[PDB]
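Taking the form solved without its partner chain, here's one chain by itself in structure tokens.
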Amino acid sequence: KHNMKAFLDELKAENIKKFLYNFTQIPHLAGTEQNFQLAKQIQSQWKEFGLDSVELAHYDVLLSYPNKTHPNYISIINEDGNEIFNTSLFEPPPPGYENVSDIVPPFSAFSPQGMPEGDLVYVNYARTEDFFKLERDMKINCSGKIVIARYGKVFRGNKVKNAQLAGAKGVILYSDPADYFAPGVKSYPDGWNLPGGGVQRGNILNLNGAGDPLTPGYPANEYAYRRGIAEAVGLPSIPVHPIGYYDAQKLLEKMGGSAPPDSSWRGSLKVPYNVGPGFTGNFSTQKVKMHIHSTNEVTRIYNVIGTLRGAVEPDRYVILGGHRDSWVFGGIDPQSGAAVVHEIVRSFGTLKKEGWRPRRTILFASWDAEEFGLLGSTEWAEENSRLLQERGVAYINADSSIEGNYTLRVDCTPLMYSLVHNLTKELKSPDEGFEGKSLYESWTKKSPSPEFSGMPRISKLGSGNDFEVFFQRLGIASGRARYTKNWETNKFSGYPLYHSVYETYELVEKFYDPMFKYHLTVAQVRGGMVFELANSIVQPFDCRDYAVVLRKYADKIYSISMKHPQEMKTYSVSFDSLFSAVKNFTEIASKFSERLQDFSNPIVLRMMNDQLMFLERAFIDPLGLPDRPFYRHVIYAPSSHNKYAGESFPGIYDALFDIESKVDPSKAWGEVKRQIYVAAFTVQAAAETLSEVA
């Protein structure tokens, strides 16, 4: 029989291992020849594997690269202007890769050029609250200073935005061992920790969903009209560069000025973590000087798009997409994901060769330039937006399959919660001590839901990955899953070697997943979700789960507002309309569920499948959120303080945020009321899409 079990059984750990090795021997940086060659290889293999069509879709987008003959670095300079200390020009390459060429040195992509010299101010994680504390409580002025911030906690683009707004003239990012060195584990190559010479690459844009900085709204095709650089979306105005903790220690150790305000400002280095500005007395005349010479350059990128045509509903698309470009070797990010996608394609193609097809069309994507701002997925979705909004059932992301070896992690729309619970109950746990138990059991035990007994935690989608255009711009139900660490015994950020040269095949094979069993489990979860979404007669979405979360989010945003009872009285700020809309959504969803269970009629079925498919779409507001026109989903947007985190009722959240500091409270509370109206209207409008159609 051709059923889910046949699909799942065909997936092999050893194939995923072979593919990951194949994908990680040389760098595959976006816009380089090596990554175009890998695109062509994947295209050829997906055709071999049996897909109906496999094409490259290319775009010409703004990318950023260091200047090979004028390297980026930072100095401490003395009074005479002699550079008495320089940061590294490259990470020491790992064993056996010391002769690999075309390793891009650490840099912050899209930094402008400049050579600013000045006094340092240390800004902790450069979060909104870190700058509040500096400016409001400590009265430290960052204007015209170079800021040094530790990585961690929030997206580094938000750090740079916050430093720019505080008036900084440059930003130095570094990895503190507090956040990237787990106690008791060895540095690479002897363990999975970040060595003192390791450095995290990464872009520092604030695109807010725009895609290619030069062509917001429209694909960067052959005839596209491009903005000039000065009108580009999301570029930073001040130079930025990342360093490791050996170099950081040399910059921090001389810091004077004010003491750190409390222990949450101290990392693990043997330095006082003084805030500055500038150095202690003996060194007060020394300064820090950046030298940044990277260039922004329009460059061709290539997505691979494979199609497995549906037997019954070929005009309904279930998309499995993940990126292929990497900063260096991409051992975890993204090739641990891409190898899993490759094996999923192979398994679906095996069934296809025996005469099976899924009910709906499945699209498979190998995106380019994710690392430079989700560029490949976003341009392709801009090109195909009309097809996607009228035919897109679901998008399942497939970046890094692992960031630890402890338990499952899933972030998804509420519409997929029931699907995920049901699928994981049918999958075997790969965990030690859970032999013969379901993945649901191990996952629920290790990661309990904060709200419900006997259920696992599933998070909201944030951003910083390729589902962003599909979910928050276009309103297509989206999900992602991977194996993760235990956050409770682990205070560190993501995984330590993230975006470093040390992220290699050997890192994964030796330290993360020697038997490829966590990868296989992740292929079963992503692959199984795609299988159900593409083959279930009725869409496997439960609108009732959206009703439950909408109530939770309404309670949450009301509770934020209720910190200001005087203002709510003065300005007549009521959440009544929002709770009313949520109550209505609950009632209508419950009645729709009864009809869905209670209807041989393919029109009523497809009418009902269309109501399920367009339910996520109903949360889109075509006017977007304030000053972020590509974040159109009214329930979820990436946090305005941290692109990685999701925020619920973001329009009301941002209206309330720091409202006690607004100079015109009438206007500010007016805008809170406006956002309440927009949210209540959108919830009620979404509910009404589930009412009887006539």
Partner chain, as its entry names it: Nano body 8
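Residue numbers count along the first chain shown, from 1.
From this point on, the text means the form deposited with its partner chain bound, which you will not see here.
Can you check whether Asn141 is within 4.5 Å of its partner chain in the deposited bound form, heavy atom basis?
Although its partner chain is absent here, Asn141 would stay clear of it in the deposited bound form, with no heavy atoms inside 4.5 Å.
4.5 angstroms heavy atom contact with its partner chain in the deposited bound form for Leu165
So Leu165 does not count as contacting its partner chain.
Can you check whether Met515 is within 4.5 Å of its partner chain in the deposited bound form, heavy atom basis?
Contact check for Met515: no, nothing within 4.5 Å of its partner chain in the deposited bound form.
Do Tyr502 and its partner chain come within 4.5 Å of each other in the deposited bound form, heavy atoms counted?
Within the cut-off, so yes.
One residue of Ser493, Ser593, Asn78, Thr299 in contact with its partner chain, assessed in the deposited bound form (non-hydrogen atom, 4.5 angstroms)
Contact check passes for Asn78.
In the deposited bound form, the one of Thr424, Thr87, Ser442, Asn208 near its partner chain [non-hydrogen atom within 4.5 angstroms]:
Answer to the contact question: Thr87.
Just one of 79-87, 326-334, 427-435, 414-422 has residues with a heavy atom within 4.5 Å of its partner chain in the deposited bound form, so point it out.
The contacting stretch here is 79-87.
Residues within 4.5 Å of its partner chain in the deposited bound form, restricted to 108-141 and counted by heavy atom:
Going through 108-141 in order - heavy atoms within 4.5 Å of its partner chain in the deposited bound form - there are no hits.
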